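Novice: What follows is a single structure, and I will ask about it in a moment.
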Amino acid sequence: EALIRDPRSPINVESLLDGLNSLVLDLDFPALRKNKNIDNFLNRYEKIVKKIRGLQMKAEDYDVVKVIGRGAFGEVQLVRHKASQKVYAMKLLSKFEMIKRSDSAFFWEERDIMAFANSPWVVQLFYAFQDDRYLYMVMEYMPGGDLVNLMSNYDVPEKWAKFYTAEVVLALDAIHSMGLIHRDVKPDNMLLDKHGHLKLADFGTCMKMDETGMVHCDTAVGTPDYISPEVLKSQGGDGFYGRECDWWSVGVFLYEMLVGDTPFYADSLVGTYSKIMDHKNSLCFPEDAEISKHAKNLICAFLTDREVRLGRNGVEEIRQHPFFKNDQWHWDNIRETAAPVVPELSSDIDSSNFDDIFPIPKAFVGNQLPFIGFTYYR
Ligand SMILES: CNC(=O)c1cc(F)cc(Cn2ccc3cc(-c4cn[nH]c4C(F)(F)F)ccc3c2=O)c1
């Protein structure tokens with residue numbers, strides 16, 4: 031009864047119900063019911079399980095206002111809780127699609143981080159639940175938009191980039207000191223809160239480090255404009271990198287904010303992938319840049335090989351780069367100072383910073408087994 035009480039422990043009630051409910055799910059097919067045992071079970075339990083499924087958090091308890099972001103295996107809806115009228119962002123992952131086209135385990139870390147970091151820098155998850163087709167992650171909704179939309183609507187001044195970069199650095203470092211590497215740092219994944227401050231999201235790509243502070247992966251992950259050369263090189267086996275691969279992407283982000291184009295752009299993927307590997311020969315600023323001395327400096331210090339990449343030793347040697355000199359904040363209080371863009375929000379459901387958007400088995404498969412334990416209620 032002890033381990034049962036722990037919502038992190040593998041055998042809490044949320045888990046025990048998921049299994050029982052996953053069992054009925056994966057067994058109630060006319061083919062399989064031709065086994066006596068399976069029918070005996072589904073007889074004794076199908077009525078109760080259907081009643082139970084109704085009492086558990088389900089997709090229907092959420093008014094859906096707009097789809098505000100799509101993705102590889104699902105979408106993110108702006109939803110309002112019908113019974114409590116509270117407003118959340120709800121990510122949906124498709125069990126169908128994760129099973130076929132994925133490692134289909136990325137979601138545990140993504141949930142665990144958003145449910146337990148309790149950091150100013152990490153989007154907070156309140157509920158994880160599921161049904162026969164989908165995983166659901168219910169999180170605080172960030173009404174400021176992402177840094178993509180913002181760069182889309184402003185001539186970003188270095189004062190601002192000095193602000194946003196610092197917040198991303200503190201956030202990546204927060205994520206880091208929790209043992210995790212965020213392998214997919216893009217302006218798409220940096221979100222702005224009610225007051226215009228940064229929060230990281232989409233931890234689909236997170237990997238916990240070992241005690242030596244490295245990860246050993248053997249598949250290239252991320253998105254191509256931002257892939258670091260070691261992760262890109264790691265696709266060929268013997269991938270050994272540390273958290274410095276995030277600072278590479280922080281580099282790409284500063285470049286894109288100030289220049290307006292990604293530093294290793296190419297018409298094709300193979301072009302970008304090649305341009306990344308050849309970064310000593312391919313990184314150049316446009317002659318008509320109007321980029322600062324220290325700005326171009328910091329960016330070049332990020333976009334180099336991992337052996338010599340700035341931030342290798344720690345976060346403290348990024349903070350002290352002259353690019354960060356400013357009459358507007360210090361490093362230990364930047365989330366307490368005013369943000370360069372504060373969203374004019376009229377309502378709790380303001381969606382303005384957002385643009386608009397199985398087989399039946401013969402025998403037993405157990406397609407719902409990977410998802411036992413995902414349900415969680417804070
Ligand atoms: C392997 N990755 C996938 O399959 C995948 C599936 C998806 F649906 C979406 C994505 C990428 N993406 C896009 C927007 C997004 C927005 C929020 C969020 C959280 N709180 N508030 C919001 C906001 F209001 F900004 F929407 C949280 C996560 C994501 C996010 O992950 C990836």
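The sequence shown runs 31 to 387, 397 to 417 under the deposited numbering.
A virtual CB, placed ideally from N, CA and C, is assigned to each residue, including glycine.
Within 8 Å: the Cβ of residue 172 and any heavy atom of ligand 1?
Specialist: yes
Novice: By how many angstroms is the C-alpha of residue 64 removed from the C-alpha of residue 110?
Specialist: 43 Å
Novice: Going by other Cβ atoms of all chains shown within 10 Å of its Cβ, with 16 needed for buried, is residue 225 buried or exposed?
Specialist: exposed
Novice: Under three-state DSSP, which class holds residue 98?
Specialist: strand
Novice: Are the beta-carbon atoms belonging to residue 206 and residue 273 less than 9 Å from one another?
Specialist: yes
Novice: Ligand 1 and residue 296: does any heavy atom of the ligand fall closer than 8 Å to the residue's C-beta?
Specialist: no
Novice: Which two residues bound the contiguous alpha helix (DSSP H) that contains residue 207?
Specialist: Run containing residue 207: 188–207, per the alpha helix (DSSP H) assignment.
Novice: Following a CB-centred definition, is residue 204 positioned closer than 8 Å to any heavy atom of ligand 1?
Specialist: Answer for residue 204: no, Cβ out of range of ligand 1.
Novice: Can you give me the Cβ contacts of residue 227 inside the same chain, cut-off strictly under 6 Å, excluding the 5 residues immediately before and after it?
Specialist: 365, 369
Novice: With a threshold of 8 Å, establish whether the CB of residue 249 neighbours any heavy atom of ligand 1.
Specialist: Incorrect: residue 249 has no Cβ contact closer than 8 Å to ligand 1.
Novice: For residue 209, verify whether its CB is less than 8 Å away from any heavy atom of ligand 1.
Specialist: no
Novice: Would you kindly work out how many angstroms separate the C-alpha atoms of residue 415 and residue 170, rounded to a whole number?
Specialist: Between residue 415 and residue 170, the C-alpha separation is close to 15 Å.
Novice: At a cut of 8 Å, does the segment 323–339 reach the segment 270–289 through at least three beta carbon pairs?
Specialist: yes
Novice: Check this for me: beta carbons of residue 160 and residue 121, under 9 Å apart or not?
Specialist: no
Novice: Taking the straight line between their C-alpha atoms, what separation do you get for residue 102 and residue 200?
Specialist: 28 Å
Novice: Is residue 318 helix, strand or coil by DSSP?
Specialist: Residue state, collapsed to three classes: coil.
Novice: Hey, would you say residue 333 sits closer than 9 Å to residue 281, going by beta carbons?
Specialist: yes
Novice: Going residue by residue through the segment 322–362, where are the continuous alpha helix (DSSP H) segments of at least 4 residues, counting only ones entirely within it?
Specialist: 323–332, 346–349
Novice: Please report the straight-line C-alpha distance between residue 112 and residue 43, rounded to a whole angstrom.
Specialist: 25 Å
Novice: Grab the span of the alpha helix (DSSP H) containing residue 303 for me, first residue to last.
Specialist: 299–307
Novice: Could you tell me the alpha carbon to alpha carbon distance between residue 203 and residue 70, rounded to whole angstroms?
Specialist: 54 Å
Novice: Residues in its own chain within less than 6 Å of residue 279 by CB, not counting five upstream and five downstream?
Specialist: For residue 279, the CB contacts under 6 Å within the same chain, skipping 5 residues up- and downstream, are 215, 256 in chain order.
Novice: Check whether the Cβ of residue 116 lies closer than 8 Å to any heavy atom of ligand 1, and answer yes or no.
Specialist: Residue 116 Cβ: outside cutoff for every heavy atom of ligand 1.
Novice: Sorry if obvious, but does the Cβ on residue 379 come closer than 8 Å to a heavy atom of ligand 1?
Specialist: no
Novice: Restricting to runs no shorter than 3 residues, where is the beta strand (DSSP E) found entirely within the segment 57–104?
Specialist: Those beta strand (DSSP E) runs which fall completely within the segment 57–104 and span 3+ residues are 92–100.
Novice: How would you write the range of the alpha helix (DSSP H) that residue 275 sits in, first residue to last?
Specialist: 274–289
Novice: What span of residues does the beta strand (DSSP E) with residue 158 cover, start to end?
Specialist: 155–160
Novice: Would you identify the three-state DSSP class for residue 152, choosing helix, strand or coil?
Specialist: strand
Novice: For residue 306 versus residue 262, is the C-beta distance shorter than 9 Å?
Specialist: yes
Novice: Can you tell me whether residue 407 is buried or exposed, with buried defined as 16 or more other CB within 10 angstroms of its CB?
Specialist: buried
Novice: Taking 8 Å as the cut-off, is the beta-carbon of residue 53 closer than that to any non-hydrogen atom of ligand 1?
Specialist: A distance criterion of 8 Å places the beta-carbon of residue 53 beyond contact range of ligand 1, judged by its closest non-hydrogen atom.
Novice: Can you tell me whether residue 114 is helix, strand or coil according to DSSP?
Specialist: coil
Novice: Grouping DSSP H, G and I as helix and E and B as strand, with all else coil, what is residue 211?
Specialist: strand
Novice: Is residue 288 close to ligand 1? I mean its beta-carbon at under 8 Å from any heavy atom of the ligand.
Specialist: No, Cβ of residue 288 sits at least 8 Å from all heavy atoms of ligand 1.
Novice: Which value, in whole angstroms, describes the spacing of the CA atoms of residue 296 and residue 405?
Specialist: 43 Å
Novice: Let me check you understand the geometry: is the CB of residue 219 closer than 8 Å to at least one non-hydrogen atom of ligand 1?
Specialist: yes
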